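Quick heads-up: it's one chain on its own, the form solved without the ligand, in structure tokens.
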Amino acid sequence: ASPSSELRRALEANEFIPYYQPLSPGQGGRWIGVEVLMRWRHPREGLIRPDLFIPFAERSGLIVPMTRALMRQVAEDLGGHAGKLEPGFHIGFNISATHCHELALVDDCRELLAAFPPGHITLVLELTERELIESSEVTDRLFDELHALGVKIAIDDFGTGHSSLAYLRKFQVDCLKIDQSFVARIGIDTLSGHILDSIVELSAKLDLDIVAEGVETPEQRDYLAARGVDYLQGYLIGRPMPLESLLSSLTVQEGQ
């Protein structure tokens, strides 16, 4: 058996499915976007989460075709329901390091954006700090061309000192993610609060948006709102959901 061939078979069989995790404004209200997460609907194993196969998919060299197919499914899923999405609605993808080493990503983004009315959605790509530090002329060109499409870049796994500030400034990054591990320790751990405040401080310096992950309690939500965090996701807002569930909830939020 070849794990690599199994991944290619699954891709051919359309077993990699987008799940949509909602993003809420820090001050509450209607959902302002979704982050798309790739699940594997395996006929025998059931629904497998991406932390269990994406790292292997990256090693196999298949992560870019998988992500491309995901972006195409999202266009098909949501392109016809623009009237359920308030203008400016965010659609987020986790982009692998290999995807950032080639310019095809620009065409992938251009294609997804063409599935919606012009300017109707905001495409957000999530990268790690490593992709900025281990950059080349290709990176410079990529981010430039993405920014000209109106695509936004969100960064995770970053430092908050002047060293990291230089990279974030050079590449004109748009958003910072607060990791769930920090959010989970709100009200429990003083150091975690100081870290959280440092992230907020960096964001103010460079005028960046902040998305906080793993928001599960009203305490956490309120703490984050108090510091001006723009967007929240987590169990409190909602778990990643299949399209059918997303459309149902957007339909409700329409009417209200």
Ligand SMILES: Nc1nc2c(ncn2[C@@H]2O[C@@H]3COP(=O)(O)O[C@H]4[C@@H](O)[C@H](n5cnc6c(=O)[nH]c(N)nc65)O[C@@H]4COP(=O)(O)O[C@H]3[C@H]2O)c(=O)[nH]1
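A residue's number is simply how far along the shown sequence it sits, counting from 1. Shifts are known only where both forms have a C-alpha. Rigid core: the largest C-alpha set superposing within 1.5 Å between the two forms.
Note: missing coordinates for residue 165 occur in a third or more of the other compared entries bracketing this position. Judged by mean Cα B factor in the deposited record, 95-103 ranks above the other of 169-177 and 95-103.
Comparing the deposited coordinates for 147-155 and 132-140, the stretch with the larger average C-alpha B-factor is 132-140.
Out of 29, 50, 214, 33, the entry records its largest CA B-factor for 29. Each of 188, 57, 226, 38 has a CA temperature factor in the record; the biggest one is found at 188. Annotation for residue 13: C-alpha temperature factor in the highest third relative to the rest of the modelled chain, per the entry. Ranked by C-alpha B-factor against the other modelled residues of its chain, residue 45 falls in the highest third. Residue-level temperature factors show residue 245 in the middle third of its chain, judged at the C-alpha atom. Residue 114: CA B factor in the highest third of modelled residues in this chain (values from the PDB entry). The deposited CA B-factor of residue 183 belongs to the lowest third of values across its chain.
The protein also exists as the form solved in complex with the ligand; that form is not presented, and the subsequent description refers to it.
Only one segment in the set 145-153, 74-82, 88-96, 110-118 has any non-hydrogen atom within 4.5 angstroms of the ligand in the deposited complex, and it is 88-96.
Looking at the ligand in the deposited complex, residues 187, 195 and 197 place no heavy atom within 4.5 Å of it.
Only one of 30, 49, 42, 205 lies close to the ligand in the deposited complex, with a heavy atom inside 4.5 Å, and it is 49. Between the ligand and the residues 224, 210, 70, 62, the one pair within 4.5 Å by heavy atoms in the deposited complex involves 70. Interface residue remark: residue 157 is counted as part of the site for the ligand in the deposited complex, having a heavy atom within 4.5 Å. Mapping the unseen interface onto this chain, residue 139 falls outside it, with no heavy atom inside 4.5 Å of the ligand in the deposited complex. Of the heavy atoms in residue 24, none are within 4.5 Å of the ligand in the deposited complex. Among residues of the shown chain, residue 215 is one whose heavy atoms approach the ligand to within 4.5 Å in the deposited complex. Of the residues listed here (179, 76, 126, 134), only one shifts its CA by 2 angstroms or more between the shown form and the other one after fitting on the rigid core, and it is 134. The pair residue 139 and residue 211 separates in the deposited complex: their C-alpha atoms are at least 3 Å more distant from each other than in the form depicted.
Compared with the form shown here, the Cα atoms of residue 139 and residue 176 sit 3 Å or more farther apart in the deposited complex. Once the rigid core is aligned, the segments that move between the shown form and the other one, defined as three or more consecutive common residues whose C-alpha shifts all reach 2 Å, run 129-139, 156-160, 169-171.
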